[PDB]
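# Survey of secondary and tertiary structure
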Amino acid sequence: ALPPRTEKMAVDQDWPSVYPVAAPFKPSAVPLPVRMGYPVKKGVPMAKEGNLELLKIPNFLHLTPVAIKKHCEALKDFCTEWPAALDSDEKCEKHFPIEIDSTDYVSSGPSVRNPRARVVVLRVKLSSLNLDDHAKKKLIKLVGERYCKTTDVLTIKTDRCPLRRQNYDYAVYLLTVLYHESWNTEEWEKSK
Amino acid sequence: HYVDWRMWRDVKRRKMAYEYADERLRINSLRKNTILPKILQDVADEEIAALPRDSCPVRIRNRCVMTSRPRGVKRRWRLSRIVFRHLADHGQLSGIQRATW
Amino acid sequence: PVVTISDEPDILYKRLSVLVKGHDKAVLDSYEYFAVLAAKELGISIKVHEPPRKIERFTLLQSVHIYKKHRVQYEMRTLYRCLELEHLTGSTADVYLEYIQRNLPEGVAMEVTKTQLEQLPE
Amino acid sequence: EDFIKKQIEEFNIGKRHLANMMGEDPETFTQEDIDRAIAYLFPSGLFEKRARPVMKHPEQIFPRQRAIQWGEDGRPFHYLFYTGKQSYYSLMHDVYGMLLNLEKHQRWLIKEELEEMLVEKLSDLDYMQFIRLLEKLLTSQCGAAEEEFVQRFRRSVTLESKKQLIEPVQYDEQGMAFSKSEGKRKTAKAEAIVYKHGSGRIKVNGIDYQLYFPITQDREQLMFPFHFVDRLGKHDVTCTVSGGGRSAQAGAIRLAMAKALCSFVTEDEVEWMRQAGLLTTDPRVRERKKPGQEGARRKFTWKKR
Amino acid sequence: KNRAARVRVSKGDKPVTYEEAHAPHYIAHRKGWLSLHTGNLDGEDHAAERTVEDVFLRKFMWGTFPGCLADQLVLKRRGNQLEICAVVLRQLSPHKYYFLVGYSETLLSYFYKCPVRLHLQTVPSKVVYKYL
Amino acid sequence: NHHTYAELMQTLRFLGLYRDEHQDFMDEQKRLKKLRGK
Amino acid sequence: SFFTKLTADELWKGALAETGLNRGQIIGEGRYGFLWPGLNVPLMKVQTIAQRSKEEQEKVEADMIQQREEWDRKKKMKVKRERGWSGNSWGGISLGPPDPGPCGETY
Amino acid sequence: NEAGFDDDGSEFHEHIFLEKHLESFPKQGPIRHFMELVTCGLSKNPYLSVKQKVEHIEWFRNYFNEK
RNA sequence: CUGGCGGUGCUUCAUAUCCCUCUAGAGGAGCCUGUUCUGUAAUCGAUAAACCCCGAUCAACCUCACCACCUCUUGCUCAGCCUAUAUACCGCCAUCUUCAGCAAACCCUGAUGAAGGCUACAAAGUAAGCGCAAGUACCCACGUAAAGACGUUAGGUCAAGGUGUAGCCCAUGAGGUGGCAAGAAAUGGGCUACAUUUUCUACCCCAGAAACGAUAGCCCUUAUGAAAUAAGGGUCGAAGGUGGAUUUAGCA
Ligand SMILES: [Mg+2]
Ligand SMILES: [Mg+2]
Ligand SMILES: [Mg+2]
Ligand SMILES: [Mg+2]
Ligand SMILES: [Mg+2]
Ligand SMILES: [Mg+2]
């Protein structure tokens, strides 16, 4: 008696009250007798209930479309506005030339220590600045693998410290110091 | 408490090369060099020539655990192709299959 | 929401570049479909396609003892789906990634989200 | 046989539960729900196409066999029951009776198809005899009802491969009758813009074809299509070649020019070009390097000898 | 020939499961992957330690139940979730089942610093592939 | 190192919640050889 | 070690080799275990918590060894087949009758 | 990836600013240049801290110009 | 009694698989490379059929898994063995396959014996189960990685790794310390030249030397080490003028 919640389950029941948690397949708690397996010769797939293949699937039986809509309605919160600064990778850089990257990769195994969140680059568009009287001849030489033609992509990979936000802070401080020093160019910087 | 012996030899050699870190570090950093004085270079040479075995940092040969095989081994899975092939044949590895192109 | 309502200025996020990585085709397809569905439910205009695959077929023999005239390889039909969100806020993207990771596909179908801040220069 | 009905009832209960899952009102859903399921909560990933999750109502998948072959004190359903496959022999006897009746008055399917249609596993010579009887019936006084009854077991002709996908002349973009095209040759692709007028030269990748390929074979390949159509000079192009190297790019440009020509050319010349061989891509493409061999197909020396 | 994991025909009603009947050239074709772990990934790295941990967990779980694990497990790493799908067989009473399950769960959760949990395979029919 | 791991496996076996097939078989074979020895 | 070890199929097929145990100690018992309130108790409705000792465990191990010896003795289940006609030959001996066919007539 | 892997702080002005903290030997050989190169390599390595770099520089200067 | 055999006559026939035909690397030779095996304190795996750029995606003490000196029967192992029984295994796999079928359960053919189940103007097959076929994905459906049935060499292996049984239990294991890299002799698997093709140069094809190949080894070394391996700079700058009936893949 007491079948595996297959025949005793009432018909037309509240399914959201069956798989609310992000649970696995659970071959014993699956009222879906799905047939899985390769045929033998000329007949029907193998077993009926939990199959080895069914478990080998990454397992997404949990959270059905109804539960998906429920989770979406739950996540409906957090509606922060976004500015319409015109895309095309032009006005966005004109507003703020710097373009820092603060990602959050996903870790594997039971360890969260992922040496990958320290990525940082101060990709500031110098063309958007456009306030260099004599610093044009100074910045072109004070950096090697930078200074393009169409758009000046000043991307000084500043990754010296063992973090990201303080790395960007130090990069901005160094850029400000360099700009202040270039405001009063040297004496032998003209002849190149 | 291993079953074979080559595994234990590799373990001992690797741990001896790792423990004595500063010595071999300075030796490898200062020996073969054309700059700076040669006094410290000769000192490191004498140190590495007078010390006994089970310490030199040149004791790294990729081997596996299931067989302890040095021939054909990769650092990605710390095991040999045979162990990798044995695990793939049982369908215990994701993405591995026959070269279907 | 229940995240301590504050009044300080937020960080200007831009472009949530994502890149899924895996081996199985059906698993990656399911992951990208679920991601696109959730994004459309959130209301974010995005694009999707298929970048070039990256497969480094390592070397190995076909047998175990002695065999060279008959060799074999172990490749994979891996795929990638760049589910990048063009311009959006940081909190919404963070909550979205949290909901994703709360039940991500084991092994295959691993995402590599990436943002791009801005802030003021000096 | 009872196991079939047991599994049918089990799958019916499963489908009932599945329908109860969704809170919407459409119960007689189509393949959309199964597709969504396979995409979300059933992504196997098996390369094969049979062991994949294809859960479906077995009311139509589970095949059927001969039900009961007797009733009240034996009594089968025909007088040819002891002959094995009574249905086929009864149909043959009916065909012979119709043959005799017609005499008094005055494509085909495969064996597996006939077996699937009926419930008997017929051989080949019996099928040949059946075809002979059907041919005798069709020949014995050509009528209409019998002809249709015989064709019921046949198919139509459905002729294919005749007309060519005539591409429009394309007058948009600019005030010139250009036409897009492509070309493949050992992993290569391009997009040409062959105009209709301009009796002069051609701009290959923005530069004349003098400093690009001084070899005469390249110019001959470029002329191949224009020479085949005889519209030589009256053509200007500004194609953008990419991929390949030398002969690959030459063949790609040749195919692109041939397609651009066939786009706006009479059906006769279009078919002549299509049949001559200068539109499709030959199988000569970068093959898969054999891992169990040194080079491509060159196997080891003393392999079998 | 190649008997990497297959079993040629012999009798008719012999014992055999899904994993105990497959060819090497059908690892991903007619057969699935019993370990969708975060190891052998690309272009992502980290595979040696992941495979070692997977093998250790599988061997430990096989050693737990005495004479009840015919096929390996199917580990699932949903970030910080270790889901086990063992092919367990009805041994004796449910009290021992619950006691052992809870003990193992608590032990693994306190050891690996990650929640672990398993589920029995209460099915009255194995995953037989070939009748053999 | 397989030292702490070996001790943990031995403790688990003592607790009656593990299995050591190869080790027990080797120990039995060694006992048989000693009985036949030496 | 253990990583280098294997399951049991290889050992069994090597010890048998035909080409060319899980029964004794229970999981609840151990070489140095104690009374686990989880099992080895009634329905637990109210329960008692206790622990075993080294002497009790040794006594249980001795009892298990005696049970194993008894099982080994029982394994020698030899029966003298009634010698039909001659010895070591399938002579005159009755086994069983033919079961009924698909029609009937109990034979 | 914040729950760990902090590697202490830097205050955006501790790991790089190593000009003063050098202990320059009487400028007459390549020892100062080698120390500058070592400091550059340490600054370019984001897997170190302030105390670690300070101890490394101290040990280097000692083992070099102990005398 | 049905088979292996047919240099049995014959039937379907072999499509690069076979002779008549050739496209071409290699055969006389330079370089990486080992085979029958030599040597001590530097095992090697049937090291023929399926080894001789196979395991080696490679041999400075690790890699060489092979031996001696400081000590043991707790030897890091509540010891192991890379020690052996291929007449006992698990393990991977070519071969015939470039075929065509094997048979449980039934019912028949021999006065029921070793056996067989046999042809449509039909003379006994339905044939559990394993198959080509359905291709498993792609350059679609030919073609590629791999077969393609019961099987073929007590098949290779007790040592790629583990293992019944025996031996070491003053080891053939070793905790710490010391030891090779060369072909006496032949050879072949890959990059190379005998010709203007060895050098392709600023141009990959609008302009041409030595009239030959114009090596290796050695020194400075990218790397390091107690003994060089892919190769950049200098020197040598050779070996022989497609050289033996030819050899193997190729129907694009
Ligand atoms: Mg042998
Ligand atoms: Mg084969
Ligand atoms: Mg096929
Ligand atoms: Mg193939
Ligand atoms: Mg053998
Ligand atoms: Mg010894």
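Residues numbered from 1 in each chain as written, not as in the entry; some residues may be left out. Chains lettered and ligands numbered in written order. Part of a larger assembly, values for the part shown. Heavy atoms only, no water.

Per the PDB record, the structure was determined using cryo-EM to 4.4 Å resolution.

Time to look at the arrangement of the chains. When the 16 pairs of chains in contact are compared, the highest contact count belongs to chains A and C. The two units chain A and chain B never meet; even their closest C-alpha atoms stay 10 Å apart. At the C-alpha level, the nearest point of chain D lies 34 Å from chain F, with no contact between them. (Contact = heavy atoms within 4.5 Å.)

What follows covers the interface of chain A and chain H. Where interface size is given, it is often the accessible area lost as the parts come together that is meant. The interface is formed by 17 residues belonging to chain A together with 20 residues belonging to chain H. Between chain A and chain H the total buried area reaches about 1,700 Å² when both faces are included, carbon and sulfur atoms providing 62% of it. Linking chain A to chain H there are 0 salt bridges. The tally of links from chain A across to chain H stands at 5 residue pairs in polar contact. Broken down by class, the residue content of the side of chain A that touches chain H amounts to 8 nonpolar, 3 polar and 6 charged. (Buried area = accessible area lost by both parts, 1.4 Å probe. Salt bridge = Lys/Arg side-chain N within 4 Å of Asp/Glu carboxyl O. Polar contact = N/O pair within 3.5 Å; in protein donor to acceptor, adjacent residues only side chain to side chain. Nonpolar A, V, L, I, M, F, W, Y, C, P; charged D, E, K, R; others polar.)

Here the focus is the protein's contact with RNA strand I. Around RNA strand I sit 121 residues, and of these B:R6, B:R31, B:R59, D:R298 and E:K1 come closest. Considering RNA strand I, the proportion of its atoms within 4 Å of the protein that are sugar or phosphate atoms stands at 64%. At 2.5 Å from a phosphate oxygen of RNA strand I is found a main-chain nitrogen or oxygen belonging to D:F47. A distance of 3.5 Å separates a base nitrogen of RNA strand I from a polar atom in the side chain of E:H25. For the surface near RNA strand I, the elements supplying multiple residues, two or more each, are α1 (6–19) and α4 (81–89) of chain B, α6 (125–139) of chain D, α2 (21–36) of chain F together with α1 (9–16) of chain G. (Near = heavy atom within 4 Å. Helix = DSSP H or I, 4+ residues; strand = E, 2+ residues; numbered from the N terminus.)

Here C:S63 is to be found in the loop between α1 (25–42) and α2 (90–101). A polar atom in the side chain of C:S63 sits 3.4 Å from the backbone nitrogen of C:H65. Each residue touching C:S63, except ones within four places of it in the same chain, is listed here: B:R81 and B:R85.

Glancing now at the environment of D:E32. Mapped onto the secondary structure, D:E32 falls in helix α2 (residues 31–39). Taking the C-alpha atoms as reference points, D:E32 and D:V95, 63 residues apart in sequence, are found 45 Å from one another.

Here we take up the interface of chain A and chain C. Contact residues are listed per partner, giving 38 residues for chain A and 37 residues for chain C. The junction of chain A with chain C conceals about 3,500 Å² of combined surface from both sides, 63% of it contributed by carbon and sulfur atoms. Three residues, A:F78, A:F96 and A:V106, lead the burial of chain A against chain C; their summed loss comes to 19% of the area buried on that side. Close ionic contact of C:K14 with A:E99 constitutes a salt bridge, the shortest N to O distance being 2.4 Å. Our enumeration of links across chain A and chain C arrives at 11 residue pairs in polar contact. Looking at the side of chain A that touches chain C, the elements with two or more residues in it are α2 (65–75) and α6 (165–183) of chain A. In terms of residue class, the side of chain A that touches chain C is made up of 21 nonpolar, 7 polar and 10 charged.

Our focus in this paragraph is the side chain of D:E48. Counting through the fold element by element, D:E48 comes out in the loop between α2 and α3 (58–61). When sequence neighbours within four positions are dropped, the list of residues in contact with D:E48 reads A:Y38, E:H29 and E:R30.

Moving on, we come to a nonpolar patch on the surface. A cluster of nonpolar side chains, namely B:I39, B:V43, H:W59 and H:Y63, defines an oily patch on the protein surface of about 440 Å² accessible area. Of all the secondary structure elements, the ones that give two or more residues to the nonpolar patch are α3 (39–50) of chain B together with α2 (50–65) of chain H. Mapped onto the secondary structure, B:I39 falls in helix α3. (Patch = residues over 30% accessible without salt bridge, like charges linked within 9 Å, V, L, I, M, F, W, Y side chains within 5 Å. Areas by Shrake-Rupley, 256 points an atom, 1.4 Å probe, with all protein chains shown as cover.)

Among the surface-exposed residues, B:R6, B:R9, B:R13, B:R53, B:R61 and B:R71 lie close enough to one another that they form a single positively charged patch. Looking at the element boundaries, B:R61 is found in the loop between α3 and β1 (73–74). (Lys, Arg positive; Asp, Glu negative; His and termini not counted. Charge placed at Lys NZ, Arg CZ, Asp CG, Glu CD.)

Core analysis: the largest hydrophobic core is formed by 41 residues, its most contacted members being A:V34, A:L54, D:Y40, D:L41 and D:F42. Every element with two or more residues in this core is listed here: α1 (52–56) and α2 of chain A together with α1 (2–21) of chain D. Those residues in contact with D:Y40, other than ones at most four positions away along the chain, are A:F60, A:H62, A:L63, A:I68, C:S30 and C:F34. Counting 29 residues, the second largest nonpolar core, distinct from the first, contains E:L75, E:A86, E:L100 and E:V101. (Core = buried A, V, L, I, M, F, W, Y, C linked by side-chain atoms within 4.5 Å. Buried < 20%, exposed > 50% of the residue type's maximum accessible area, 1.4 Å probe, protein only.)

Scanning the model with the defined rule gives 28 aromatic pairs over all chains in all. Each ring, one from A:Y179 and one from A:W183, has its centre 5.4 Å from the other, and the planes form 55 degrees; the classification is tilted. Taken together, the residues A:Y179 and A:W183, both in helix α6 and 4 residues apart, mark about one turn of the helix. Given a relative accessible area of 22%, A:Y179 falls into the partly exposed group. Geometrically, the ring pair formed by G:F34 and G:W36 is edge-to-face, given 5.8 Å between the ring centres and 85 degrees between the ring planes. For G:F34, a relative accessible area of 41% puts it in the partly exposed group. Since its relative accessible area comes to 24%, G:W36 is described here as partly exposed. Each residue in the set D:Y88, D:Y89, D:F130, D:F149 and D:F153 is aromatic and connected to the rest through ring pairs, giving one cluster. Note that C:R57 overlies the ring of B:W101, its terminal NZ or CZ placed 3.7 Å from the centroid. D:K196 extends its terminal NZ or CZ atom over the ring of D:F264, reaching a point 5.9 Å from the ring centre. (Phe/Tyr/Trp six-rings, centres within 6.5 Å; stacked < 30°, edge-to-face > 60°. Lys NZ or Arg CZ within 6 Å of the ring centre and 35° of its normal.)

A few words now on empty space enclosed by the protein. Residues and elements named next belong to chain D. When its volume is computed, the largest cavity comes out at roughly 150 Å³. Around the largest cavity sit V204, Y209, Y212, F213, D218, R219, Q221, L222, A250, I253 and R254, which together line it. For the lining of the largest cavity, the elements supplying multiple residues, two or more each, are α8 (216–229) and α9 (247–263). When residues of the lining of the largest cavity are assigned to their parent elements, the largest contribution, 4 residues, is made by α8. (1 Å grid on protein atoms, 1.4 Å probe; cavity = no way out; pocket = protein on both sides within 12 Å on 5 of 7 lines; lining within 4 Å. Points joined across faces, edges and corners; volume = space filled by probe spheres on them.)

Inspection of every chain in the model, using the stated rule, returns 40 salt bridges over all chains. For B:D10, the salt bridge goes to B:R63, with nearest N and O atoms at 3.7 Å. Residue B:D10 is found in helix α1, and its partner B:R63 is found in the loop between α3 and β1; the two are separated by 53 residues along the sequence. Where E:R117 meets E:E83, a salt bridge forms, and the shortest distance between an N and an O atom there is 3.5 Å. On the criterion of sequence distance, the pair formed by E:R117 in strand β3 (residues 116–117) and E:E83 in strand β2 (residues 82–83) is long-range, its members being 34 residues apart. On the basis of relative accessibility, which here comes to 24%, the residue E:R117 falls in the partly exposed class. Judged by its relative accessible area of 0%, E:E83 is buried.

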